[PDB]
Each structure stands twice: as structure tokens, then as C-alpha cells.
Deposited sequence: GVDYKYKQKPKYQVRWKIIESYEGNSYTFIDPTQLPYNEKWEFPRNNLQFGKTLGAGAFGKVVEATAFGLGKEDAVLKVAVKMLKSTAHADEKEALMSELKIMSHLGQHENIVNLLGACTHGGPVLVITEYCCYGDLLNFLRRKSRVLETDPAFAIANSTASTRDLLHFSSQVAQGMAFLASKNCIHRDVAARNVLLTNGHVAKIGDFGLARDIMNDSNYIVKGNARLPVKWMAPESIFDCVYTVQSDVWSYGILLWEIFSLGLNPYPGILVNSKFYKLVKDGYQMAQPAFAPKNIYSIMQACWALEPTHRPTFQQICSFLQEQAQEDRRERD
């Protein structure tokens, strides 16, 4: 699969899986006080649209928001997934680098999940635009790339503390909001996975193989340490300004043997040695030897301090 999921563990402790048990009427919002705007993006089962929420939250501010919903294509299994996402997001609590849940409309019509809106779009395209610009005729700095890396590492650290796995860590799934601050969220339902060649067919599913840890690919094992590997690939995308992972290499038998054998992409053009060390660490074949997101956060902080010390 490729959706957020609370797993069982006991640093962090799983007292309960929000998925089981019905939903908390604690997030209900007036389906009327919502004016649908432009369609931010759409997928196979649903879509997410921009909108204005009148009187949302304590501060009755009329802030801009994003609204996810299903399509005709969505059946039962599809409806459950949306409710489950809702249940997970209502249980995770808020964080500055997560696309936070703001409300929902589960009565008097189709289910609508309201979350924060990210005015600048996804990171991958932001990166690709700057790089294209590099062949000059706003210019990202090492600090800029470090911040993106930190913000995401912080979001992932938060998820990990809640025993929540992401499963689709990639630059395409990193959004940029005010101040160009990065945020992560479950965007599967609005992801056109069936027609995105980055998602390889595995019979009963479509998986982002180039971003997946070996154990997840070969043993269907998904843990927080699997997400760490994926984060390593994300770092490579960030510091190469958006090149596709394993450039020119197709996903087939050869590929699997390569990753299985310990093959690792080369250091990206804009990554300092220290940052490539993070990538290499994240790509340890043995999950237990990979760093935790907090360890990544603290190391990244050190790189930001030294960079500043340098000015």
C-alpha cells in the first residue's frame, strides 16, 4: 500500500490504533460554510480542492483551506480509507511540518476532509524550476536545501513518535506553504497513481519502488526504518534539484539485484559530503543500522549551525 498507518510498537508506545473504532464527531464542520474553489490536484479515487472556510476553528477566520473528497470511482474500500485517514489525522495531533487536519464534513453529504492549504505547491516542481533557472540568462542556497531537509525530517520525527508510518516519502509528496515551509501529509487519495510511471505494478498494487527500502520491496515489511530509507532518496532528490532517482535505470530484475547488492546512487551535485553521509546512512541495508529521524534532525541542525557560523 501507500497510505499513512499507525503501527504497533512499544520510545513510542501504541496504546490504540485510531483506525479501529468509529470516528470522533469532534471535527465536524458546516458543509455550507465552505465555498469550493480550484482543484489543486486529482487522482483515481478522489481529489483535493482549494476553498474558503468561513468561521473555521475557534478563530472564526476565513482562511484558505484544502478539501479532499472521493469520486464516483470510489467504492467501499475507498470510502474506508478516507475515514481511516481522517481517524489517523484526528489522532496524530498538530505539528508545524504536517498538513494539519482542520475539520471534516461527514454528514448531510459525501465525506469531506478539510486540511491546511499549501500556497506554493509540491517541492519537486519547486526544485525543478530553480534548476532549470540555474542555466541562467530567487536562487536556492545550501541553507535553503537544509531547511527543506530539516522541516521534513521534523515532520517525520513527529510521525515516528506517534508510531505512524508514511510509506510514500518522496519530493512529490512534500508541499510548500507560507515562508516556503515544507509540510507532509497523506496525499494518496488525490494522487493519480494509476497513470504515474513512478508507481510500478506489482500485480495487486502500484508501488513507488525507486523510493522503497529493500525489506519493503522484497519482504513487504514497512516500518519507521523503511521510511528512513525513503527519506534518503528524498534527500537525493532535494540536493540534485529534482532529478529522477536512479537516472536512466529502469525498474526491473537488474534494478532489484542492484539495490539488493548494496548499490547506492552517487552524491548529488549540490550535496555537501556531510549531507551525502546522511543519504548513505539512510541507505544501510540493515534497517537497524539506519539512523532515526531524530538523529537525522539533530545532525541536520549541526550542519545548519556550522553553515551559519560560516555565513
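Stretches of the deposited sequence lacking C-alpha coordinates, numbered from 1: 1-12, 23-24, 152-158, 333.
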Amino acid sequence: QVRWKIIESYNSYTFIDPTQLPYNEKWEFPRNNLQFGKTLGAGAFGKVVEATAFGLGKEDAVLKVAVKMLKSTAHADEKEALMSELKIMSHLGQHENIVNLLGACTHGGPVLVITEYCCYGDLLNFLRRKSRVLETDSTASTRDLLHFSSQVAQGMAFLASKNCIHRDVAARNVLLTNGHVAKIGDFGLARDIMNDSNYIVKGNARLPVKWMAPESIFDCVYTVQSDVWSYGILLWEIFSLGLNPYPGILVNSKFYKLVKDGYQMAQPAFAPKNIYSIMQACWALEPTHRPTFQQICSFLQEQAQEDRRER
From here on, numbers count along this sequence of modelled residues.
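We call the rigid core whatever largest set of C-alpha positions still superposes within 1.5 Å between the two forms.
Comparing 270-278 with 56-64 in 6 other deposited structures of this protein, after superposition on the rigid core, the stretch with the greater RMS C-alpha deviation is 56-64. Between 243-251 and 66-74, the larger mean CA deviation from the shown form in 6 other deposited structures of this protein, after core superposition, belongs to 66-74.
As recorded in the PDB entry, 14-22 is the stretch of 14-22 and 293-301 with the greater mean C-alpha temperature factor. The stretch with the higher mean CA B factor, choosing between 73-81 and 226-234, is 73-81.
Among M265, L285, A53, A42, the highest C-alpha B-factor in the deposited entry belongs to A53. Ranking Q35, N274, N244, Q280 by Cα temperature factor from the entry places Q35 first.
Ranked by C-alpha B-factor against the other modelled residues of its chain, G185 falls in the lowest third. When the CA B factors of the chain's modelled residues are split into thirds, the value for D196 lands in the lowest one. Annotation for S240: CA B-factor lies in the lowest third of the chain's modelled residues. When the modelled residues of the chain are ordered by C-alpha B-factor, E215 sits in the middle third. Looking at the C-alpha B-factors along this chain, the one for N173 belongs to the lowest third.
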